[PDB]
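**Q** Structure: structure_15.txt, compact mmCIF, N, CA and C atoms and all ligand atoms.
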```
# COMPACT_ATOMS: atom_id res chain seq x y z
N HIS A 1 -14.33 -0.50 14.05
CA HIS A 1 -14.52 0.90 13.56
C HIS A 1 -13.82 1.92 14.45
N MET A 2 -14.05 1.83 15.76
CA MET A 2 -13.25 2.63 16.68
C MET A 2 -11.78 2.30 16.46
N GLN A 3 -10.71 3.61 16.35
CA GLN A 3 -9.28 3.50 16.14
C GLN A 3 -8.62 4.45 17.09
N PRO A 4 -7.38 4.16 17.50
CA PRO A 4 -6.66 5.14 18.33
C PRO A 4 -6.46 6.42 17.53
N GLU A 5 -6.64 7.56 18.19
CA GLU A 5 -6.56 8.86 17.51
C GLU A 5 -5.24 9.07 16.74
N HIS A 6 -4.12 8.65 17.33
CA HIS A 6 -2.81 8.86 16.72
C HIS A 6 -2.51 7.88 15.58
N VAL A 7 -3.41 6.92 15.37
CA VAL A 7 -3.25 5.92 14.32
C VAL A 7 -4.15 6.21 13.11
N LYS A 8 -5.25 6.92 13.34
CA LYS A 8 -6.32 7.06 12.35
C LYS A 8 -5.83 7.50 10.98
N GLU A 9 -5.06 8.57 10.92
CA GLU A 9 -4.67 9.12 9.62
C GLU A 9 -3.65 8.24 8.91
N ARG A 10 -2.71 7.67 9.66
CA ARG A 10 -1.74 6.75 9.07
C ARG A 10 -2.43 5.50 8.52
N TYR A 11 -3.39 4.99 9.27
CA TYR A 11 -4.16 3.84 8.82
C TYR A 11 -5.00 4.17 7.58
N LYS A 12 -5.65 5.33 7.58
CA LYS A 12 -6.43 5.78 6.42
C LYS A 12 -5.54 5.82 5.18
N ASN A 13 -4.33 6.32 5.35
CA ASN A 13 -3.42 6.42 4.22
C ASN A 13 -2.84 5.07 3.82
N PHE A 14 -2.71 4.15 4.77
CA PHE A 14 -2.30 2.79 4.44
C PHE A 14 -3.38 2.12 3.57
N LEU A 15 -4.64 2.27 3.96
CA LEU A 15 -5.72 1.71 3.16
C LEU A 15 -5.69 2.30 1.77
N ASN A 16 -5.52 3.61 1.69
CA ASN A 16 -5.57 4.27 0.40
C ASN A 16 -4.43 3.85 -0.51
N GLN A 17 -3.23 3.74 0.04
CA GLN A 17 -2.08 3.39 -0.79
C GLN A 17 -2.01 1.91 -1.10
N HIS A 18 -2.40 1.07 -0.15
CA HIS A 18 -1.98 -0.33 -0.21
C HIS A 18 -3.07 -1.38 -0.14
N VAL A 19 -4.32 -1.00 0.11
CA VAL A 19 -5.38 -1.99 0.20
C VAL A 19 -6.22 -1.94 -1.07
N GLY A 20 -6.05 -2.95 -1.91
CA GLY A 20 -6.66 -2.96 -3.23
C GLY A 20 -7.25 -4.31 -3.60
N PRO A 21 -8.28 -4.75 -2.85
CA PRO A 21 -8.89 -6.04 -3.15
C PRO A 21 -9.40 -6.14 -4.59
N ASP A 22 -9.81 -5.00 -5.17
CA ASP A 22 -10.39 -4.98 -6.52
C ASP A 22 -9.42 -4.44 -7.56
N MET A 23 -8.15 -4.33 -7.19
CA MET A 23 -7.16 -3.74 -8.07
C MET A 23 -6.74 -4.75 -9.13
N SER A 24 -6.30 -4.24 -10.28
CA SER A 24 -5.78 -5.10 -11.33
C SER A 24 -4.55 -4.49 -11.94
N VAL A 25 -3.83 -5.34 -12.65
CA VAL A 25 -2.51 -5.06 -13.14
C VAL A 25 -2.49 -3.88 -14.12
N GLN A 26 -3.61 -3.61 -14.78
CA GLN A 26 -3.63 -2.59 -15.82
C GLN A 26 -4.27 -1.27 -15.38
N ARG A 27 -4.54 -1.13 -14.08
CA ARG A 27 -5.21 0.07 -13.60
C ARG A 27 -4.37 0.94 -12.66
N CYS A 28 -3.05 0.78 -12.69
CA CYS A 28 -2.20 1.62 -11.85
C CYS A 28 -2.41 3.12 -12.05
N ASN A 29 -2.41 3.58 -13.30
CA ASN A 29 -2.50 5.02 -13.54
C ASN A 29 -3.82 5.59 -13.07
N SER A 30 -4.91 4.92 -13.42
CA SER A 30 -6.23 5.39 -13.04
C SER A 30 -6.42 5.35 -11.53
N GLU A 31 -5.99 4.27 -10.88
CA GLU A 31 -6.19 4.14 -9.45
C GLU A 31 -5.33 5.12 -8.65
N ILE A 32 -4.09 5.31 -9.07
CA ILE A 32 -3.16 6.18 -8.37
C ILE A 32 -3.45 7.65 -8.63
N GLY A 33 -4.04 7.94 -9.79
CA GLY A 33 -4.18 9.30 -10.24
C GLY A 33 -5.30 10.07 -9.56
N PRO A 34 -5.48 11.33 -9.95
CA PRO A 34 -6.42 12.22 -9.26
C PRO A 34 -7.90 11.87 -9.40
N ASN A 35 -8.26 11.03 -10.37
CA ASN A 35 -9.65 10.60 -10.54
C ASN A 35 -10.06 9.54 -9.53
N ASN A 36 -9.07 8.94 -8.88
CA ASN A 36 -9.36 7.96 -7.84
C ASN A 36 -8.64 8.25 -6.53
N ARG A 37 -7.54 7.55 -6.26
CA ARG A 37 -6.93 7.63 -4.93
C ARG A 37 -5.95 8.78 -4.71
N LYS A 38 -5.56 9.44 -5.80
CA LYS A 38 -4.55 10.51 -5.77
C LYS A 38 -3.40 10.22 -4.79
N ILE A 39 -2.74 9.10 -5.03
CA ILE A 39 -1.61 8.67 -4.22
C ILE A 39 -0.39 9.49 -4.61
N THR A 40 0.28 10.05 -3.61
CA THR A 40 1.35 11.02 -3.82
C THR A 40 2.57 10.67 -2.99
N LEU A 41 3.74 11.03 -3.50
CA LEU A 41 4.99 10.85 -2.77
C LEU A 41 5.02 11.74 -1.54
N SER A 42 5.25 11.11 -0.39
CA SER A 42 5.24 11.80 0.89
C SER A 42 6.22 12.97 0.90
N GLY A 43 5.73 14.13 1.36
CA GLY A 43 6.55 15.34 1.44
C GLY A 43 6.68 16.13 0.15
N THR A 44 5.91 15.74 -0.87
CA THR A 44 6.00 16.42 -2.15
C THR A 44 4.71 17.15 -2.49
N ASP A 45 4.83 18.06 -3.46
CA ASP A 45 3.67 18.68 -4.05
C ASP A 45 3.19 17.89 -5.25
N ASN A 46 2.24 17.00 -4.99
CA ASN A 46 1.64 16.15 -6.03
C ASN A 46 2.63 15.26 -6.76
N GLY A 47 3.73 14.91 -6.11
CA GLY A 47 4.77 14.11 -6.77
C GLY A 47 4.36 12.67 -6.98
N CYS A 48 4.79 12.10 -8.11
CA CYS A 48 4.54 10.70 -8.42
C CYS A 48 5.42 9.80 -7.57
N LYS A 49 4.81 8.82 -6.90
CA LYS A 49 5.60 7.82 -6.18
C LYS A 49 6.36 6.94 -7.17
N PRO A 50 7.65 6.69 -6.93
CA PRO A 50 8.39 5.75 -7.77
C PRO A 50 7.79 4.35 -7.76
N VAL A 51 7.22 3.93 -6.63
CA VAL A 51 6.61 2.60 -6.54
C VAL A 51 5.43 2.67 -5.58
N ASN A 52 4.38 1.92 -5.88
CA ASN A 52 3.27 1.77 -4.96
C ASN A 52 2.65 0.41 -5.15
N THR A 53 2.71 -0.42 -4.11
CA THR A 53 2.15 -1.76 -4.16
C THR A 53 0.74 -1.80 -3.58
N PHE A 54 -0.18 -2.35 -4.36
CA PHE A 54 -1.52 -2.68 -3.87
C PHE A 54 -1.59 -4.15 -3.50
N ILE A 55 -2.00 -4.43 -2.27
CA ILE A 55 -2.24 -5.79 -1.82
C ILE A 55 -3.64 -6.16 -2.26
N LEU A 56 -3.77 -7.28 -2.97
CA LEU A 56 -5.07 -7.68 -3.52
C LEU A 56 -5.83 -8.50 -2.49
N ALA A 57 -6.19 -7.82 -1.40
CA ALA A 57 -6.93 -8.44 -0.31
C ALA A 57 -7.68 -7.36 0.44
N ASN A 58 -8.70 -7.77 1.19
CA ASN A 58 -9.46 -6.78 1.95
C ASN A 58 -8.75 -6.39 3.24
N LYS A 59 -9.16 -5.25 3.79
CA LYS A 59 -8.50 -4.70 4.97
C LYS A 59 -8.57 -5.61 6.19
N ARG A 60 -9.65 -6.38 6.32
CA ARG A 60 -9.81 -7.26 7.47
C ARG A 60 -8.71 -8.34 7.47
N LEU A 61 -8.47 -8.94 6.31
CA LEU A 61 -7.45 -9.96 6.22
C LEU A 61 -6.06 -9.36 6.40
N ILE A 62 -5.80 -8.23 5.76
CA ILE A 62 -4.49 -7.60 5.89
C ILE A 62 -4.16 -7.23 7.35
N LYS A 63 -5.15 -6.72 8.08
CA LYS A 63 -4.94 -6.36 9.48
C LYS A 63 -4.45 -7.55 10.32
N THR A 64 -4.88 -8.77 9.99
CA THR A 64 -4.44 -9.94 10.75
C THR A 64 -2.93 -10.16 10.69
N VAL A 65 -2.27 -9.62 9.67
CA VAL A 65 -0.80 -9.70 9.60
C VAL A 65 -0.15 -8.97 10.78
N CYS A 66 -0.86 -7.98 11.33
CA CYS A 66 -0.39 -7.26 12.53
C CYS A 66 -0.54 -8.08 13.80
N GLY A 67 -1.26 -9.19 13.71
CA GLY A 67 -1.46 -10.07 14.86
C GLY A 67 -1.15 -11.52 14.50
N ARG A 68 -2.18 -12.36 14.54
CA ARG A 68 -2.02 -13.81 14.47
C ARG A 68 -1.42 -14.33 13.16
N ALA A 69 -1.58 -13.58 12.08
CA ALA A 69 -1.18 -14.05 10.75
C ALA A 69 0.15 -13.47 10.30
N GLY A 70 0.89 -12.89 11.25
CA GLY A 70 2.22 -12.36 10.97
C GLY A 70 3.22 -12.82 12.01
N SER A 71 4.50 -12.62 11.70
CA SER A 71 5.59 -12.90 12.64
C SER A 71 6.49 -11.68 12.69
N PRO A 72 7.23 -11.52 13.80
CA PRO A 72 8.00 -10.30 13.96
C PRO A 72 9.20 -10.23 13.03
N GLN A 73 9.43 -9.03 12.50
CA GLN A 73 10.61 -8.76 11.71
C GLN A 73 11.13 -7.39 12.12
N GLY A 74 12.01 -7.38 13.11
CA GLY A 74 12.43 -6.13 13.74
C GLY A 74 11.21 -5.51 14.41
N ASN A 75 10.96 -4.24 14.11
CA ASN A 75 9.76 -3.58 14.60
C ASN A 75 8.61 -3.63 13.60
N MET A 76 8.80 -4.43 12.55
CA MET A 76 7.77 -4.67 11.56
C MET A 76 7.25 -6.10 11.70
N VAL A 77 6.34 -6.50 10.82
CA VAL A 77 5.82 -7.86 10.82
C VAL A 77 5.85 -8.40 9.40
N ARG A 78 5.98 -9.72 9.26
CA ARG A 78 5.98 -10.36 7.96
C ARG A 78 4.84 -11.35 7.93
N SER A 79 4.06 -11.35 6.85
CA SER A 79 2.94 -12.28 6.76
C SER A 79 3.42 -13.72 6.80
N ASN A 80 2.64 -14.57 7.45
CA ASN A 80 2.98 -16.00 7.55
C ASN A 80 2.74 -16.73 6.24
N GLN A 81 1.79 -16.23 5.46
CA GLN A 81 1.52 -16.74 4.12
C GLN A 81 1.63 -15.57 3.15
N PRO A 82 1.93 -15.85 1.88
CA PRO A 82 2.04 -14.77 0.90
C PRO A 82 0.69 -14.21 0.48
N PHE A 83 0.72 -13.03 -0.11
CA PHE A 83 -0.45 -12.36 -0.64
C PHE A 83 -0.25 -12.04 -2.11
N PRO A 84 -1.35 -12.01 -2.88
CA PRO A 84 -1.24 -11.45 -4.22
C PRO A 84 -1.14 -9.94 -4.15
N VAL A 85 -0.26 -9.38 -4.97
CA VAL A 85 -0.07 -7.93 -5.02
C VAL A 85 0.04 -7.46 -6.46
N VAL A 86 -0.28 -6.19 -6.68
CA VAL A 86 0.05 -5.51 -7.92
C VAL A 86 1.03 -4.41 -7.55
N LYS A 87 2.25 -4.51 -8.06
CA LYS A 87 3.25 -3.48 -7.84
C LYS A 87 3.21 -2.50 -9.00
N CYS A 88 2.97 -1.23 -8.70
CA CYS A 88 2.95 -0.18 -9.71
C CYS A 88 4.29 0.52 -9.69
N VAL A 89 5.02 0.44 -10.79
CA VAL A 89 6.34 1.05 -10.86
C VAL A 89 6.32 2.20 -11.85
N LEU A 90 6.86 3.35 -11.44
CA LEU A 90 6.79 4.56 -12.25
C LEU A 90 7.49 4.41 -13.60
N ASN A 91 6.77 4.74 -14.67
CA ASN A 91 7.28 4.73 -16.04
C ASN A 91 7.61 6.13 -16.54
N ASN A 92 6.80 7.11 -16.12
CA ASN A 92 6.95 8.48 -16.60
C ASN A 92 6.20 9.41 -15.67
N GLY A 93 6.61 10.67 -15.63
CA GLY A 93 5.87 11.69 -14.90
C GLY A 93 6.58 12.18 -13.65
N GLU A 94 6.42 13.47 -13.39
CA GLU A 94 6.92 14.09 -12.18
C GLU A 94 5.80 14.32 -11.17
N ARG A 95 4.68 14.86 -11.65
CA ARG A 95 3.54 15.17 -10.79
C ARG A 95 2.23 14.77 -11.43
N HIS A 96 1.22 14.54 -10.61
CA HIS A 96 -0.13 14.39 -11.10
C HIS A 96 -0.42 15.59 -12.00
N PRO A 97 -1.15 15.39 -13.10
CA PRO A 97 -1.86 14.19 -13.52
C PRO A 97 -1.06 13.31 -14.49
N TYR A 98 0.26 13.41 -14.45
CA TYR A 98 1.12 12.75 -15.43
C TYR A 98 1.80 11.48 -14.95
N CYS A 99 1.40 10.96 -13.79
CA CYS A 99 2.05 9.76 -13.28
C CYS A 99 1.62 8.53 -14.06
N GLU A 100 2.60 7.87 -14.70
CA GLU A 100 2.33 6.70 -15.51
C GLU A 100 3.15 5.55 -14.97
N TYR A 101 2.52 4.38 -14.90
CA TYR A 101 3.08 3.22 -14.23
C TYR A 101 2.99 1.98 -15.09
N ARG A 102 3.85 1.02 -14.77
CA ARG A 102 3.63 -0.35 -15.21
C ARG A 102 3.25 -1.17 -13.99
N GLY A 103 2.21 -1.99 -14.12
CA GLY A 103 1.77 -2.87 -13.05
C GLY A 103 2.25 -4.29 -13.28
N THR A 104 2.71 -4.93 -12.21
CA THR A 104 3.10 -6.33 -12.28
C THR A 104 2.51 -7.06 -11.10
N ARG A 105 1.85 -8.18 -11.38
CA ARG A 105 1.27 -9.02 -10.36
C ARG A 105 2.30 -10.04 -9.88
N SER A 106 2.34 -10.26 -8.57
CA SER A 106 3.14 -11.33 -8.00
C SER A 106 2.50 -11.82 -6.72
N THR A 107 3.01 -12.94 -6.22
CA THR A 107 2.61 -13.47 -4.93
C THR A 107 3.83 -13.30 -4.04
N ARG A 108 3.64 -12.67 -2.88
CA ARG A 108 4.77 -12.34 -2.02
C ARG A 108 4.40 -12.23 -0.54
N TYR A 109 5.37 -12.53 0.32
CA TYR A 109 5.22 -12.26 1.74
C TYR A 109 5.22 -10.76 1.86
N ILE A 110 4.29 -10.23 2.65
CA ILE A 110 4.20 -8.79 2.81
C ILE A 110 4.75 -8.39 4.17
N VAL A 111 5.51 -7.31 4.17
CA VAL A 111 6.10 -6.78 5.38
C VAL A 111 5.44 -5.44 5.66
N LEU A 112 4.91 -5.30 6.88
CA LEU A 112 4.17 -4.12 7.30
C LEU A 112 4.76 -3.56 8.58
N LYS A 113 4.54 -2.27 8.81
CA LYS A 113 4.66 -1.77 10.17
C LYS A 113 3.25 -1.57 10.69
N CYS A 114 3.04 -1.99 11.93
CA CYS A 114 1.75 -1.83 12.60
C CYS A 114 1.90 -0.95 13.84
N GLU A 115 0.81 -0.28 14.19
CA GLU A 115 0.76 0.51 15.42
C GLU A 115 -0.54 0.15 16.11
N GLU A 116 -0.43 -0.34 17.34
CA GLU A 116 -1.60 -0.71 18.13
C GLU A 116 -2.47 -1.75 17.41
N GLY A 117 -1.84 -2.59 16.59
CA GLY A 117 -2.57 -3.64 15.88
C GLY A 117 -3.08 -3.24 14.50
N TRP A 118 -2.83 -2.00 14.10
CA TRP A 118 -3.30 -1.49 12.81
C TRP A 118 -2.14 -1.32 11.84
N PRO A 119 -2.32 -1.73 10.57
CA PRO A 119 -1.25 -1.54 9.61
C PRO A 119 -1.11 -0.06 9.22
N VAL A 120 0.12 0.47 9.28
CA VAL A 120 0.36 1.87 8.98
C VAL A 120 1.41 2.10 7.89
N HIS A 121 2.05 1.02 7.44
CA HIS A 121 3.14 1.13 6.46
C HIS A 121 3.30 -0.19 5.73
N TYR A 122 3.45 -0.10 4.41
CA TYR A 122 3.83 -1.25 3.61
C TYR A 122 5.29 -1.09 3.22
N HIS A 123 6.08 -2.13 3.47
CA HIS A 123 7.51 -2.08 3.21
C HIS A 123 7.79 -2.49 1.76
N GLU A 124 8.04 -1.50 0.90
CA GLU A 124 8.36 -1.75 -0.51
C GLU A 124 9.77 -2.28 -0.62
N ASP A 125 10.06 -2.97 -1.72
CA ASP A 125 11.43 -3.32 -2.04
C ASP A 125 12.22 -2.03 -2.28
N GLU A 126 13.52 -2.08 -2.00
CA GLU A 126 14.40 -0.93 -2.19
C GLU A 126 14.54 -0.62 -3.68
N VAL A 127 14.73 -1.67 -4.48
CA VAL A 127 14.87 -1.55 -5.92
C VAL A 127 13.67 -2.20 -6.60
N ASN A 128 13.01 -1.44 -7.47
CA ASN A 128 11.82 -1.90 -8.18
C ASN A 128 11.93 -1.67 -9.68
CL CL B 201 6.55 -14.66 8.59
```
Can the structure from this file be put into structure tokens for me?
**A**
Amino acid sequence: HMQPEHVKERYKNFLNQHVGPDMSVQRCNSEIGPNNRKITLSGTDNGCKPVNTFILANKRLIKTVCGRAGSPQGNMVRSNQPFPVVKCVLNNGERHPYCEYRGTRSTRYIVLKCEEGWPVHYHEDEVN
């Protein structure tokens, strides 16, 4: 429960954007939208993210990728085993409440950036 002060907000936002143990392929719009997580494109006024991946696992398991269950990839880490994910890809909309997505489930190695052992960034594919 205790977190480094400079990590707290980045970690909170990592959980919000990317930790979705209960997420499903057909709930991208509801989960991303203002009735739930209100996930927004960084640096924008309520802008729809082009892509947002939810890892279908709990935060405890995902955090282990920052340590024993990951391997180094530059200054990031790559999971040693793959995870189930739902990738939400933008279909329509500029800003909330109009962000509409298609969700696709896959199993994939996840690449994260960690700080002090805490996940702070999920590395999305360049093209989605
Ligand atoms: Cl790996």
**Q** I need the residue nearest residue 112 in chain A from this list: A:10, A:78, A:60, A:18. Use only N, CA and C atoms for the distance.
**A**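 The shortest atom-to-atom distance to residue 112 in chain A comes from A:78.
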**Q** Report, in Å with one decimal, the straight-line distance from CA of residue 33 in chain A to CA of residue 8 in chain A.
**A**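 Going from CA of residue 33 in chain A over to CA of residue 8 in chain A covers 22.8 Å.
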**Q** Can you list every residue in chain A that DSSP puts in alpha helix (DSSP H), as a list in words?
**A**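 Everything in chain A that counts as alpha helix (DSSP H) is residues 8, 9, 10, 11, 12, 13, 14, 15, 16, 17, 18, 28, 29, 30, 31, 32, 59, 60, 61, 62 and 63 of chain A.
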**Q** Report as a tab-separated table the residues of chain A within 7 Å of ligand CL 201 (chain B), each with its shortest atom pair and distance in Å (one decimal), using only N, CA and C atoms and all ligand atoms, ordered by chain and increasing residue number.
**A**
```
residue	atom	partner	partner_atom	distance
A:69	C	B:CL201	CL	6.7
A:70	C	B:CL201	CL	5.1
A:71	N	B:CL201	CL	4.2
A:72	N	B:CL201	CL	6.1
A:77	C	B:CL201	CL	6.4
A:78	C	B:CL201	CL	3.8
A:79	C	B:CL201	CL	3.7
A:80	CA	B:CL201	CL	4.0
A:81	N	B:CL201	CL	5.9
```
**Q** Restricting it to N, CA and C atoms, dump the selection as an mmCIF file, in the coordinates of the input.
**A**
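Saved the output as out09.cif:
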```cif
data_model
loop_
_atom_site.group_PDB
_atom_site.id
_atom_site.type_symbol
_atom_site.label_atom_id
_atom_site.label_comp_id
_atom_site.auth_asym_id
_atom_site.auth_seq_id
_atom_site.Cartn_x
_atom_site.Cartn_y
_atom_site.Cartn_z
ATOM 1 N N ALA A 69 -1.580 -13.580 12.080
ATOM 2 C CA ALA A 69 -1.180 -14.050 10.750
ATOM 3 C C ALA A 69 0.150 -13.470 10.300
ATOM 4 N N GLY A 70 0.890 -12.890 11.250
ATOM 5 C CA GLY A 70 2.220 -12.360 10.970
ATOM 6 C C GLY A 70 3.220 -12.820 12.010
ATOM 7 N N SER A 71 4.500 -12.620 11.700
ATOM 8 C CA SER A 71 5.590 -12.900 12.640
ATOM 9 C C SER A 71 6.490 -11.680 12.690
ATOM 10 N N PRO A 72 7.230 -11.520 13.800
ATOM 11 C CA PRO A 72 8.000 -10.300 13.960
ATOM 12 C C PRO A 72 9.200 -10.230 13.030
ATOM 13 N N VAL A 77 6.340 -6.500 10.820
ATOM 14 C CA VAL A 77 5.820 -7.860 10.820
ATOM 15 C C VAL A 77 5.850 -8.400 9.400
ATOM 16 N N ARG A 78 5.980 -9.720 9.260
ATOM 17 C CA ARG A 78 5.980 -10.360 7.960
ATOM 18 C C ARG A 78 4.840 -11.350 7.930
ATOM 19 N N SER A 79 4.060 -11.350 6.850
ATOM 20 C CA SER A 79 2.940 -12.280 6.760
ATOM 21 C C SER A 79 3.420 -13.720 6.800
ATOM 22 N N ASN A 80 2.640 -14.570 7.450
ATOM 23 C CA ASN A 80 2.980 -16.000 7.550
ATOM 24 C C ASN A 80 2.740 -16.730 6.240
ATOM 25 N N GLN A 81 1.790 -16.230 5.460
ATOM 26 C CA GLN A 81 1.520 -16.740 4.120
ATOM 27 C C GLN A 81 1.630 -15.570 3.150
#
```
**Q** Give as a ChimeraX atom specification every residue, naming chains and numbers as the document does, that has an atom within 7 Å of (-2.3, 10.2, -12.5), counting only N, CA and C atoms.
**A** /A:29-30,32-35,95-100
**Q** Would you save the residues from that selection as a short mmCIF file (atom, residue, chain, number, x, y, z; two decimals), in the frame of the given file, using N, CA and C atoms?
**A**
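The result, written out as part_28.cif:
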```cif
data_model
loop_
_atom_site.label_atom_id
_atom_site.label_comp_id
_atom_site.auth_asym_id
_atom_site.auth_seq_id
_atom_site.Cartn_x
_atom_site.Cartn_y
_atom_site.Cartn_z
N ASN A 29 -2.41 3.58 -13.30
CA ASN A 29 -2.50 5.02 -13.54
C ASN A 29 -3.82 5.59 -13.07
N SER A 30 -4.91 4.92 -13.42
CA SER A 30 -6.23 5.39 -13.04
C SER A 30 -6.42 5.35 -11.53
N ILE A 32 -4.09 5.31 -9.07
CA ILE A 32 -3.16 6.18 -8.37
C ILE A 32 -3.45 7.65 -8.63
N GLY A 33 -4.04 7.94 -9.79
CA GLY A 33 -4.18 9.30 -10.24
C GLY A 33 -5.30 10.07 -9.56
N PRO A 34 -5.48 11.33 -9.95
CA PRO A 34 -6.42 12.22 -9.26
C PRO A 34 -7.90 11.87 -9.40
N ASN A 35 -8.26 11.03 -10.37
CA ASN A 35 -9.65 10.60 -10.54
C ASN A 35 -10.06 9.54 -9.53
N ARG A 95 4.68 14.86 -11.65
CA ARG A 95 3.54 15.17 -10.79
C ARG A 95 2.23 14.77 -11.43
N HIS A 96 1.22 14.54 -10.61
CA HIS A 96 -0.13 14.39 -11.10
C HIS A 96 -0.42 15.59 -12.00
N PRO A 97 -1.15 15.39 -13.10
CA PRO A 97 -1.86 14.19 -13.52
C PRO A 97 -1.06 13.31 -14.49
N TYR A 98 0.26 13.41 -14.45
CA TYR A 98 1.12 12.75 -15.43
C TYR A 98 1.80 11.48 -14.95
N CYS A 99 1.40 10.96 -13.79
CA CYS A 99 2.05 9.76 -13.28
C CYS A 99 1.62 8.53 -14.06
N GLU A 100 2.60 7.87 -14.70
CA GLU A 100 2.33 6.70 -15.51
C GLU A 100 3.15 5.55 -14.97
#
```
**Q** Between CA of residue 113 in chain A and CA of residue 46 in chain A, what distance in Å does the model show, to one decimal?
**A**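 Distance between the two atoms: 24.3 Å.
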**Q** Can you find the residues with an atom no farther than 5 Å from (5.6, 3.9, -15.3), counting all atoms listed in the file, and report them as a list in words?
**A**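 Selection result: residues 89, 90, 91, 92, 100, 101 and 102 of chain A.
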**Q** Point out the residue among A:63, A:68, A:37, A:87 with the least atom-to-atom distance to residue 103 in chain A, counting only N, CA and C atoms.
**A**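 Checking each of A:63, A:68, A:37, A:87 against residue 103 in chain A, counting only N, CA and C atoms, the winner is A:87.
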**Q** Report as JSON lines: every residue of range 14-37 of chain A with an atom at most 8 Å from range 48-54 of chain A, its closest pair of atoms, and their distance in Å to one decimal, counting all atoms listed in the file, with rows sorted by chain and ascending residue number.
**A**
```
{"residue": "A:16", "atom": "C", "partner": "A:54", "partner_atom": "CA", "distance": 7.9}
{"residue": "A:17", "atom": "C", "partner": "A:53", "partner_atom": "C", "distance": 5.2}
{"residue": "A:18", "atom": "C", "partner": "A:54", "partner_atom": "CA", "distance": 4.2}
{"residue": "A:19", "atom": "N", "partner": "A:54", "partner_atom": "CA", "distance": 5.1}
{"residue": "A:20", "atom": "N", "partner": "A:54", "partner_atom": "C", "distance": 4.9}
{"residue": "A:21", "atom": "N", "partner": "A:54", "partner_atom": "C", "distance": 6.7}
{"residue": "A:23", "atom": "CA", "partner": "A:54", "partner_atom": "CA", "distance": 7.1}
```
**Q** By how many Å are CA of residue 115 in chain A and CA of residue 58 in chain A apart?
**A** 18.4 Å
**Q** I'd like to know which of A:61, A:41, A:56, A:111 is closest to residue 75 in chain A, using only C-alpha atoms.
**A**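 Closest residue, counting only C-alpha atoms: A:111.
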**Q** So that I can check the secondary structure, give me every residue of range 54-105 of chain A assigned strand (DSSP E or B) by backbone DSSP, as a VMD selection string.
**A** chain A and resid 54 to 55 70 to 73 76 to 79 83 to 92 95 100 to 105
**Q** Smallest atom-to-atom distance to residue 44 in chain A: which of A:74, A:94, A:118, A:24, using only C-alpha atoms?
**A**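 For residue 44 in chain A, the nearest of the given residues is A:94.
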**Q** So that I can see what lies close to residue 108 in chain A, please list as a ChimeraX atom specification the residues with an atom at most 6 Å from it, counting all atoms listed in the file and leaving out residues fewer than 4 positions away in the same chain.
**A** /A:81-85
**Q** Go ahead and fit an axis-aligned box to every listed atom of range 71-82 of chain A plus 3 Å each side, and pass me the centre and edge lengths in Å, one decimal, as JSON.
**A**
```
{"center_x": 6.6, "center_y": -10.2, "center_z": 7.5, "size_x": 17.7, "size_y": 19.2, "size_z": 20.1}
```
**Q** Given only C-alpha atoms as the basis, pick out the residue of A:93, A:1, A:104, A:40 nearest to residue 26 in chain A.
**A**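 Using only C-alpha atoms, the shortest distance to residue 26 in chain A belongs to A:104.
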**Q** Using N, CA and C atoms, give me range 50-61 of chain A from the structure I just pasted, as a PDB file, in the first residue's frame.
**A**
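Output contents, as saved in out24.pdb:
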```pdb
ATOM      1  N   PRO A  50      -6.575   6.913 -29.219  1.00  0.00           N
ATOM      2  CA  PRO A  50      -6.653   6.019 -30.375  1.00  0.00           C
ATOM      3  C   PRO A  50      -6.627   4.542 -29.988  1.00  0.00           C
ATOM      4  N   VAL A  51      -5.901   4.193 -28.930  1.00  0.00           N
ATOM      5  CA  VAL A  51      -5.829   2.804 -28.490  1.00  0.00           C
ATOM      6  C   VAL A  51      -5.670   2.778 -26.972  1.00  0.00           C
ATOM      7  N   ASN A  52      -6.288   1.797 -26.330  1.00  0.00           N
ATOM      8  CA  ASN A  52      -6.083   1.573 -24.917  1.00  0.00           C
ATOM      9  C   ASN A  52      -6.247   0.098 -24.617  1.00  0.00           C
ATOM     10  N   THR A  53      -5.163  -0.528 -24.163  1.00  0.00           N
ATOM     11  CA  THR A  53      -5.173  -1.947 -23.836  1.00  0.00           C
ATOM     12  C   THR A  53      -5.434  -2.175 -22.353  1.00  0.00           C
ATOM     13  N   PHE A  54      -6.421  -3.018 -22.065  1.00  0.00           N
ATOM     14  CA  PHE A  54      -6.636  -3.524 -20.715  1.00  0.00           C
ATOM     15  C   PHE A  54      -6.021  -4.906 -20.573  1.00  0.00           C
ATOM     16  N   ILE A  55      -5.162  -5.067 -19.575  1.00  0.00           N
ATOM     17  CA  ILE A  55      -4.595  -6.369 -19.242  1.00  0.00           C
ATOM     18  C   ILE A  55      -5.602  -7.073 -18.353  1.00  0.00           C
ATOM     19  N   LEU A  56      -5.990  -8.288 -18.734  1.00  0.00           N
ATOM     20  CA  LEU A  56      -7.019  -9.021 -17.991  1.00  0.00           C
ATOM     21  C   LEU A  56      -6.379  -9.808 -16.862  1.00  0.00           C
ATOM     22  N   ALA A  57      -5.838  -9.061 -15.909  1.00  0.00           N
ATOM     23  CA  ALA A  57      -5.183  -9.641 -14.749  1.00  0.00           C
ATOM     24  C   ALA A  57      -5.220  -8.634 -13.616  1.00  0.00           C
ATOM     25  N   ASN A  58      -5.032  -9.112 -12.391  1.00  0.00           N
ATOM     26  CA  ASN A  58      -5.048  -8.197 -11.255  1.00  0.00           C
ATOM     27  C   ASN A  58      -3.713  -7.475 -11.094  1.00  0.00           C
ATOM     28  N   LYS A  59      -3.749  -6.371 -10.357  1.00  0.00           N
ATOM     29  CA  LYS A  59      -2.567  -5.528 -10.210  1.00  0.00           C
ATOM     30  C   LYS A  59      -1.385  -6.232  -9.549  1.00  0.00           C
ATOM     31  N   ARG A  60      -1.659  -7.173  -8.650  1.00  0.00           N
ATOM     32  CA  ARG A  60      -0.590  -7.889  -7.957  1.00  0.00           C
ATOM     33  C   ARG A  60       0.238  -8.708  -8.952  1.00  0.00           C
ATOM     34  N   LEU A  61      -0.447  -9.417  -9.843  1.00  0.00           N
ATOM     35  CA  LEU A  61       0.252 -10.216 -10.832  1.00  0.00           C
ATOM     36  C   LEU A  61       0.985  -9.334 -11.838  1.00  0.00           C
TER      37      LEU A  61
END
```
